[PDB]
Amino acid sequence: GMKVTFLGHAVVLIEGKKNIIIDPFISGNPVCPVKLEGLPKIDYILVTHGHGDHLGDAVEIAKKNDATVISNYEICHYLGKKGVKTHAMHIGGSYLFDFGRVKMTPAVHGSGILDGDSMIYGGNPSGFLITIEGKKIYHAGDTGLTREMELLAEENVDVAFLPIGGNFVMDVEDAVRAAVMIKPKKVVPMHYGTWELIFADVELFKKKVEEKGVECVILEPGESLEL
């Protein structure tokens, strides 16, 4: 099987036959319970978009672990110049890796890479649909509500990670609509509570989304579930 750990914000660690981390915003993440040294051996890094609180410590983690970063073409070009190993994809594209299948999904957001003083173009933002041993995980990344999420309903997602913080992403209300579009077996709220600007009523989300027949698992940073 596999162990899926939420480490705060948009961060998600997947431990199976290979170890995969999504949007590794670790150092500088005020709600992340672990340091970089607290992570296990990392094989793959998934980056949804270029923003600092998602790209995060991908360069350091990749180099330390000899890990491969999976992201869009533009983000992978940026990382390639830093001496990071990459497997470039793009939106709606999928590839079968040794551990399983990764598919980039559409998102409505931005993908600017802040490099010192300059905003570098990091392609278009995404989510990830990950298929491991028949099980399906959806990490929406940063996104607003979008009708492209309806395309995921036929996938029969087991666990969906959705942002609920609002302002930069979907709020509670729109996240509930997203859950109804996607119809995952379980939903985990994320990308909230990190700062005051993205405070969200997570208990209200659980209540509202479970009224729509979708099980909601509120994971505190550090907590995990099994698939």
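Quick note: we count residues from 1 along the sequence shown, nothing fancier.
Averaged over Cα atoms, the B-factor as recorded in the entry is higher for 31 to 39 than for the other of 165 to 173 and 31 to 39. Between the stretches 115 to 123 and 84 to 92, it is 115 to 123 that shows the larger average CA temperature factor.
Residue-level inspection of the entry shows that, of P184, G193, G52, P189, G193 has the top Cα B-factor. For the set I45, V180, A200, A160, the PDB entry assigns the largest Cα B-factor to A200. When the modelled residues of the chain are ordered by C-alpha B-factor, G100 sits in the middle third.
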